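Trainee:
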Amino acid sequence: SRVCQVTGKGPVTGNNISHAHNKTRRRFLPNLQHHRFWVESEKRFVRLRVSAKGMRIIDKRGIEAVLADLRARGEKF
Amino acid sequence: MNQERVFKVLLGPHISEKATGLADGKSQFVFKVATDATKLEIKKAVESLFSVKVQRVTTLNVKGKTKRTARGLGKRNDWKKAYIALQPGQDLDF
Amino acid sequence: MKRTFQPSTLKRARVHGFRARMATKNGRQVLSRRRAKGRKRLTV
Amino acid sequence: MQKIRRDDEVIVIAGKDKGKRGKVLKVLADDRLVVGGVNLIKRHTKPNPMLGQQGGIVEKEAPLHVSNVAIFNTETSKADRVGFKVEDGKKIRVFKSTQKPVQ
Amino acid sequence: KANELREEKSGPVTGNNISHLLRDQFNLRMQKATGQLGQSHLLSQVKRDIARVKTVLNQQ
RNA sequence: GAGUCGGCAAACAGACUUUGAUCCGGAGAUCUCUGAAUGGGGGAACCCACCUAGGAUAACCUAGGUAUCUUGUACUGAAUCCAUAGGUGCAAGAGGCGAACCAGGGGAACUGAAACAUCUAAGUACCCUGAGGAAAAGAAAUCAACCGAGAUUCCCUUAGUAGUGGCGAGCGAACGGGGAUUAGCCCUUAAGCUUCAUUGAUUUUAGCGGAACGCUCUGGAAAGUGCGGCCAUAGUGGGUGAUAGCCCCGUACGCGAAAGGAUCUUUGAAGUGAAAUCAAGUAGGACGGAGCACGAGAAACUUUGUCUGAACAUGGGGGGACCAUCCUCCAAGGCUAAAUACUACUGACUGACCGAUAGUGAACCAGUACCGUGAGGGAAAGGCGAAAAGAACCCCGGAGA
RNA sequence: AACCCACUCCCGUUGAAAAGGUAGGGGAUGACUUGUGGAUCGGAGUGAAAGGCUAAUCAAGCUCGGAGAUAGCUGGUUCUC
RNA sequence: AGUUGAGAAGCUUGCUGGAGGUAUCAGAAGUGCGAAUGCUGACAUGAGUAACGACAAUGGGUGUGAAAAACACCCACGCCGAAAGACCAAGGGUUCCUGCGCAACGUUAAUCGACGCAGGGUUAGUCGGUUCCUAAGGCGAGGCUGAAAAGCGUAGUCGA
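These protein sequences, in sequence, are chains X, T, 4, U and Y. Once you know that position 62 of the first sequence is 63 in the authors' numbering, the rest is easy, because the numbers rise by one and skip nothing. Once you know that position 8 of the second sequence is 8 in the authors' numbering, the rest is easy, because the numbers rise by one and skip nothing. Once you know that position 40 of the third sequence is 40 in the authors' numbering, the rest is easy, because the numbers rise by one and skip nothing. Once you know that position 5 of the fourth sequence is 5 in the authors' numbering, the rest is easy, because the numbers rise by one and skip nothing. Once you know that position 58 of the fifth sequence is 58 in the authors' numbering, the rest is easy, because the numbers rise by one and skip nothing.
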C-alpha cells in the first residue's frame with residue numbers, strides 16, 4: 002500500500018477547514034517515490050518504495066544498515 | 001475385497017410380487033443391497049456367500065417416501081436395489 | 001403474463017448457495033448471522 | 001439404597017385400602033408400587049381376536065405411591081420406618097422402632 | 001465378554017472371530033428380511049459382540 | 001444394589017440382570033460425510049485423483065501420506081563470472097468460530113440549536129484489524145509553590161466550578177482531599193512470566209449415612225378437626241388422593257475418590273523478558289491538520305502528513321504566549337501483579353418479577369410453520385382424573401360420524 | 001400463419017386475470033423473436049429517452065441497523081365525592 | 001337474589017366451582033378503559049343474498065352402493081385433431097400403480113380423485129449426466145495496487 006518501507010509512514014486522515022470553517026474529511030498521503038539504492042556489499046541495486054524523509058534516513062544511517070532492519074521486520078528487499 | 005464387506009453388501013432378499021414372479025419365470029433375484037455398493041461388489045458377494053454363478057447385476061437407487069405426520073414431514077431411508085441374474089438351472093436358497 | 005420468479009436450480013446455487021456465500025466476506029457473515037439466529041437451513 | 005423393594009411384606013398407610021397388608025410386586029420408576037391385593041381397579045378391556053387379551057371386565061391391581069405404604073414389622077405388628085446400618089461392607093436395612101434388621 | 005477374548009485369543013484367533021460372527025450378522029439379516037426371524041435379540045447382540053472384538057484388536 | 005432395553009409413546013415382542021446389568025463420574029477406543037476443509041475440483045454434505053508400503057487371479061483392497069502462507073533449515077542455481085532471485089525437500093507455526101469486555105484503523109446522519117452553515121448529535125452507530133482472560137496503562141524529561149508530594153488504573157469529591165462556546169445550543173477540567181489496591185526491576189542482562197520435572201497442600205468431576213406420630217372426626221382420599229406425644233447444628237423445601245418438622249425424597253450436620261482436571265506451594269531445568277551498552281533524523285522549528293474540557297484563540301503542552309533540524313551534566317525538558325530568576329525533572333530502550341471492565345457458557349441460592357394476549361419470538365417438536373429470489377421477516381398452539389380406573393356389553397346408524 | 005407485439009371497440013372492474021378475454025389490428029429475413037449461461041446496482045447501474053426500468057415497489061430498490069429520528073401537528077389518556 | 005352507604009363500592013346468601021383465600025393497619029405499584037381509522041381472538045350484520053371459473057353437450061341402460069346428474073362399463077350424441085394428440089429440457093418431488101377408505105380437501109353429492117392409510121413400482125458400455133475439452137465469465141500460487149476489508153490479474157483451472 003502507500004506505506005514507506007523504511008519509516009512505516011502510511012496515510013493519515015484529517016480535515017479541510019474552509020474560510021467558513023466547514024470541515025471536509027481528507028487524507029494526508031506520504032511523499033512516496035520508488036528509488037534504486039546501490040548496495041556495495043551485494044553489488045546490486047535494490048528498488049525500494051520510500052518516502053522522501055525515508056531517503057534522509059538512508060543518507061544518514063547507510064543503506065546497509067536500513068536494509069538490516071527491513072529484513073528484521075521481514076519485508077521485500 | 002477385504003474379507004469383511006462381503007457380509008456388509010447384501011441386506012436381504014427383497015419381497016414383492018414383482019420380485020417373486022420374476023424369480024420364478026426368469027432366474028433373476030431381487031436383493032436390497034447396501035446403498036454404496038458397486039455392481040462388482042454385489043456380484044462377488046453373491047458368488048461367495050451362495051456358491052452360485054452370476055451372469056448379470058443391474059441396480060436401482062430407490063428414494064425414500066416422505067410421510068406427513070403431525071410435527072411435519074418425515075422421510076424414509078433412500079435404499080438400493082439389485083437384480084441378480086443367474087445361469088438357468090440354479091436358484092438361491094437361504 | 002410471466003411472473004418474477006422463474007425457477008432454476010443452477011442459478012439458485014450460484015447466487016445463494018453455500019459455496020457462493022462462503023466465497024465472499026459479506027456473505028460469510030450472512031451464514032454466521034443466520035446461524036446465530038439459529039436457523040434450520042442457513043442456505044436456501 | 002431404597003427403603004422398599006419386591007419381596008417385602010408391607011402395609012398400606014393412608015389410601016382407600018388403609019391397614020391392608022400385602023406384598024410388593026412391581027416398583028415403578030415414578031415413585032410407585034404395585035402391591036398384591038390392594039388398590040384394585042376394573043379395566044373395561046375390549047377383547048382381542050389375537051393372543052393378547054380376551055374377555056370383558058378384567059380386575060387388576062393399580063400402583064400406589066411409595067409414601068402410602070410402610071414396611072410391616074412382623075415383630076410388633078405395626079407399620080414402621082426403615083433405615084440403614086452401615087458396617088464392614090454389609091449395607092443391611094434396619095427397622096427404626098426396634099433397630100433390628102428387615103428380613 | 002471381553003476378558004474371554006483379551007489375553008486368551010491372539011491376533012488371528014480374534015481375526016478369524018469377526019468373519020465368523022459377521023456371518024452371524026449376515027444370516028440374521030437374511031432371516032429378518034424374510035419372515036424367518038423369531039428372536040430379535042440376536043440381531044442387536046451380534047452388533048455389540050463384533051464391536052468388542054474390534055475393540056480388543058485396536059488395543060491388540 | 002434391583003431393576004432394565006432414551007423421549008413424544010402406551011402397549012407389545014424378543015431379551016438382559018445378585019456370577020451384579022440399566023443408571024452415575026474418571027480415563028481410553030471408535031468417530032462416515034460436509035464445514036477453516038487442507039490432495040484437485042464443486043452447485044456444502046458430491047466428483048476425480050496421485051505417491052509409498054503390504055495384501056489380492058485380467059476388478060481391487062488395507063494403513064499412511066499429498067493444501068497454502070509465514071519463519072527456520074538443508075540441498076539445488078538464471079540472465080551473469082562470482083552469488084542473488086528462483087526451484088525442491090524437511091522441521092515448526094498460522095488460518096476458522098464465539099454474546100460482551102479491550103487496544104487501534106476508518107467513520108456517519110436524522111436530531112438539538114425552536115431555520116441553518118460554525119457547533120451539536122459524537123469519535124456515538126457502523127465497518128475493519130489485532131490481542132487477552134482480562135486488556136490497555138504504568139515506575140516521572142509528573143505535579144506542585146519555595147512548603148512539599150512521588151508509578152499506573154479505579155471509585156468518591158472538588159464542581160456543573162475554572163475555563164471553553166455562531167461566549168448560542170452546548171461542552172466541561174485541574175490543584176487539593178477521602179479511599180480501593182501495594183512490587184518495582186533492568187539494557188555489565190533483572191524482576192516477572194511460559195514450559196517441563198518434581199514437594200507437600202487445597203479444591204473440583206459421583207456419592208454414603210442422615211432424627212422424630214399415633215389415636216380420633218368428617219371425607220372419595222387426611223397432611224385438615226379433636227386429644228396426647230416426640231425430634232431439632234434438621235420448623236415456613238419439594239409431593240404424597242385436601243394444609244405433613246416425625247409418610248416419602250431431602251435439609252442441618254458429619255463422612256467419602258481407582259482415575260483425571262484446576263488452583264496454590266517447594267526446587268531445579270530449558271527458555272523468554274531482550275531492545276544492546278542510557279537512546280539523532282530524535283528534541284526543537286516552519287506550513288497544514290488532529291488532540292488536550294480548550295471552535296488556532298495571547299495558546300502553552302502532546303501527536304504528525306510535507307519541509308527542515310540540535311545541545312551532550314560547567315547539558316537538556318517542563319512550571320498554559322513570552323523573558324529572567326528559582327523550583328522540579330532526564331525524552332527519543334524496555335518489562336511489570338493486584339485494585340478495574342464484561343458473561344454467550346456452568347452451578348448454587350434469591351425475588352413486594354411474570355403466570356399462557358403475560359413472561360424469551362418460543363412453557364407445546366420455535367427461529368418451527370408460513371412469507372420472501374435473497375438478505376431478511378416471523379406466528380398461533382399449555383390444564384381429563386388422585387389413579388386410565390380412557391367407557392366390556394346392549395341399542396339406532398352406513399361393521400359410520 | 002407460427003411467433004413477437006399491443007392501435008381500436010366492448011366485456012370484465014368484489015374480475016376467470018393486482019392489466020386479461022372476444023372480435024378486428026401492427027411487424028413478421030430482421031435495427032427480428034427466443035432458450036441457456038454470464039456481466040453491470042442504489043446519487044449506482046441501465047435507458048432507439050418515458051423519470052422509463054433495476055423481482056406486482058422507483059424524481060433514488062429491498063432489508064437490517066442509527067431509532068422509541070423529528071413532529072410548534074393529529075388522535076387518544078381508564079375509579080368516586 | 002336480598003340488603004346497606006353520598007359515591008366509587010360493601011355485606012349477606014341460593015345454585016354452579018372443587019383448592020385455595022386474606023379481618024385490620026401499614027408498605028409497594030404493570031392499579032381502574034368505550035372511543036386512539038387502537039392491537040389480538042371470537043362473533044354478528046349484509047344474507048341463506050352474489051357466485052359455483054369460458055356458452056365442447058349431453059341423453060339412456062346396467063352395475064356397485066347406506067344413498068349415484070357427476071364413479072365404472074355399455075349404447076348413442078357432440079368436441080379437439082399443427083391439439084384439448086403424442087414426446088423432450090426445465091421445474092416439481094412420489095403427484096405414478098394396486099388393495100382398503102371418505103372425516104377434512106374437491107366451489108355441490110361422491111361409491112370417484114392429483115385426497116387419507118398401507119404395500120409396491122424407476123434395472124443401461126450405446127439414452128441423459130459424471131469423466132475428456134473449451135466460450136462468455138468466475139476464481140486465481142506468486143505478482144501489482146489499495147487506511148483495513150479488499151481490487152485487478154499472470155501461470156493455472158473452473159465454467160455449456
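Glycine is no exception: its CB is placed at the ideal position from the N, C-alpha and C atoms.
With 7 Å as the limit, tell me which residues of the stretch 33 to 57 of chain Y have their beta carbon closer than that to any beta carbon of chain T; keep them in chain order.
Mentor: Cβ contacts with chain T: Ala33, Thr34.
Trainee: What beta strand (DSSP E) runs, 3 residues minimum, are completely inside the stretch 2 to 74 of chain U?
Mentor: List check, beta strand (DSSP E) in window: 9 to 12, 21 to 28, 32 to 35, 69 to 72.
Trainee: Indicate whether the contact test is met: 3 or more Cβ pairs, each with one atom in the stretch 55 to 70 of chain U and one in the stretch 23 to 36 of chain U, closer than 8 Å.
Mentor: Contact holds: three or more Cβ-Cβ distances are below 8 Å.
Trainee: So with CB distances below 7 Å, who are the chain T contacts of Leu22 (chain Y)?
Mentor: Per Cβ cutoff of 7 Å: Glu4, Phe7.
Trainee: Which bits of chain Y does residue 108 (chain T) rub up against, with CB to CB less than 8 Å?
Mentor: Absent from the structure is residue 108 (chain T), since the part of chain T shown begins at 1 and ends at 94.
Trainee: Where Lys44 (chain X) and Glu65 (chain X) are concerned, what is the direct C-alpha to C-alpha distance, given to the nearest angstrom?
Mentor: Distance between the alpha carbons of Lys44 (chain X) and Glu65 (chain X): 12 Å.
Trainee: Using Cβ-Cβ distances below 8 Å, what residues of the stretch 21 to 42 of chain T are close to chain Y?
Mentor: The stretch 21 to 42 of chain T vs chain Y, Cβ under 8 Å: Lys32.
Trainee: Indicate the three-state DSSP secondary structure (helix, strand or coil) for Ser19 (chain Y) in the structure shown.
Mentor: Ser19 (chain Y): helix per DSSP, three-state reduction.
Trainee: Would a C-beta distance cut-off of 8 Å place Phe29 (chain X) and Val13 (chain X) closer than the cut-off?
Mentor: Yes, the Cβ-Cβ distance between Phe29 (chain X) and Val13 (chain X) is below 8 Å.
Trainee: Under 8 Å between beta-carbons, which chain Y residues line up against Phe50 (chain T)? List them in chain order, please.
Mentor: Neighbours of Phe50 (chain T) on chain Y: none; closest Cβ ~10 Å, over 8 Å.
Trainee: For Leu42 (chain Y), which of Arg52 (chain Y), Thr34 (chain Y), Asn27 (chain Y) has the nearest alpha-carbon?
Mentor: Among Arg52 (chain Y), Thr34 (chain Y), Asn27 (chain Y), the Cα nearest to that of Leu42 (chain Y) belongs to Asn27 (chain Y).
Trainee: Decide if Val15 (chain 4) is buried, meaning its Cβ has at least 16 other Cβ atoms within 10 Å, or exposed.
Mentor: Label assigned to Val15 (chain 4): exposed.
Trainee: Within the 8 Å Cβ cut-off, does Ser19 (chain Y) reach chain T?
Mentor: It does: the Cβ of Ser19 (chain Y) has a partner Cβ on chain T nearer than 8 Å.
Trainee: Would you say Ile84 (chain T) and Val57 (chain T) are within 8 Å of each other, going by their C-beta atoms?
Mentor: A contact, by the Cβ cut-off of 8 Å.
Trainee: Taking a contact to mean a Cβ-Cβ separation below 8 Å, would you say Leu10 (chain T) touches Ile42 (chain T) in this structure?
Mentor: The answer is yes: Cβ separation under 8 Å.
Trainee: Please go through the same chain and pick out, in chain order, the residues whose beta-carbon is closer than 8 Å to the beta-carbon of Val54 (chain T), but skip the five residues on each side of it.
Mentor: Once the five neighbours on either side are set aside, the close Cβ partners of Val54 (chain T) are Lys43, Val46, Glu47, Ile84, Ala85, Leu86.
Trainee: Taking all protein chains shown into account, decide if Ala69 (chain X) is buried (16 or more other Cβ within 10 angstroms of its Cβ) or exposed.
Mentor: Per the 10 Å Cβ criterion, exposed.
Trainee: Report the residue from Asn61 (chain T), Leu49 (chain T), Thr69 (chain T) whose alpha carbon sits nearest the alpha carbon of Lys32 (chain T).
Mentor: Looking at the Cα atoms, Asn61 (chain T) is the closest of the given residues.
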